[PDB]
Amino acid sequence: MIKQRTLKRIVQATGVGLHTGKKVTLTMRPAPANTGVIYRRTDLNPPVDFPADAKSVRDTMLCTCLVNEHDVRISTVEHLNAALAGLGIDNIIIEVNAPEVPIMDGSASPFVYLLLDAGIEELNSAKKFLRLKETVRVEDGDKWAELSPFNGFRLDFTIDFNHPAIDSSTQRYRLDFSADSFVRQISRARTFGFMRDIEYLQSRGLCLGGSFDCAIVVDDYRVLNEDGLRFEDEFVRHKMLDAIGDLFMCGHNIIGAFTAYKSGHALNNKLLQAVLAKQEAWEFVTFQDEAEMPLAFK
C-alpha cells in the first residue's frame, strides 16, 4: 500500500509576509490520516480554518490567497504549497498568526527544509492521487494551461517576457516530477518582480515586505540583485514552482502532464476547477506495488 504522509514533529519558523509586510510565525503540525491540508489563522478568536480546496482561492492574479465568506484571508500560500506537493504531504495543519505566509527567501526551499526537519510519517491509510483521464485546457487571452493523461507528473512551462534581462533561450523548462527532481531543480527558484509592476503594487499598498533578500528584482534593463541568479533559467523554474503549488490547492498529488504558457495563479486555479468540474476527465486512484508507483517521494 502506498501510504498517506504527515509530519513526525511540530516545526516553527518566523518571517514576514511579502505583501502585508507583517511579522508572522508559521507553525506546521502533524495530523491524522484523511485529515487533508488545513490552514489556520490562530491570531483570531475563534481561530479560522481553511481547507486546501480550489474554491477557497481568492479572485486575484497577485498570489494564491485563501479567503472565506467573511473575507478573512491567508495570503501567498503557493510556495509553501509547492513544498508540500513536492514531498507528497497529505495531512498537515499549517498555522499562521497573521494574514500571510512568510515569504522567507522567496522560494520553496526554506519550507522543504522545515518539512524535512519535522520528519515524514507514513500513516496506515492509502494515499489517493488525482489521475487525469482526459485533456482539459483553459485560456485567458494569450495565456493557456492544460492537464492531460500521463503515467507520472510531467510539467512543461513556457514564459515570454520580451525583457532584456531574460534571455530568449531560458524561457522554457520541462520536468519529470519526483521529490528528488523537485527539491534539486525547482525548490530553490525565487519569486521575481519587475520594477514597473513593483511600483504599481507599492502604489496600491502592496509589496510591503518586498526586499532583495526575498525576491529577484528586475528593472527596465537588468536584474538588480548583486549576486545574480541561482539558475540561468530561474524565472521559468519559479513559474513552474507556482504551478505546482497552485495545483496542490486540491490537496492531492496529480498523475498527468501539465503544459502551460504564461499561466499565473488565476489561470492555474481556473484549470484546476475546470478539471474537477468534468467528472469524466479524472479519477482518484491508489497503489500497492511500491516498485512501480508513478510518483516517487523518497
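From 1 onward, residues are counted along the sequence shown.
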item: Between 128-136 and 222-230 (mean CA B-factor, as deposited), the higher; value: 222-230
item: Segment of higher mean CA temperature factor, 159-167 or 104-112; value: 159-167
item: 30, 46, 245, 251, ranked by C-alpha B-factor: the highest one; value: 46
item: Selection from 204, 172, 73, 184 [criterion: highest C-alpha temperature factor in the record]; value: 73
item: Chain thirds of CA B-factor: placement of residue 67; value: highest
item: Within-chain third of residue 141 by Cα B-factor, per the entry; value: highest
item: For residue 240, the third of its chain into which the C-alpha B factor falls; value: lowest
item: Relative C-alpha B-factor of residue 295, binned into the chain's lowest, middle or highest third; value: middle
item: B-factor third for the C-alpha atom of residue 198 within its chain; value: middle
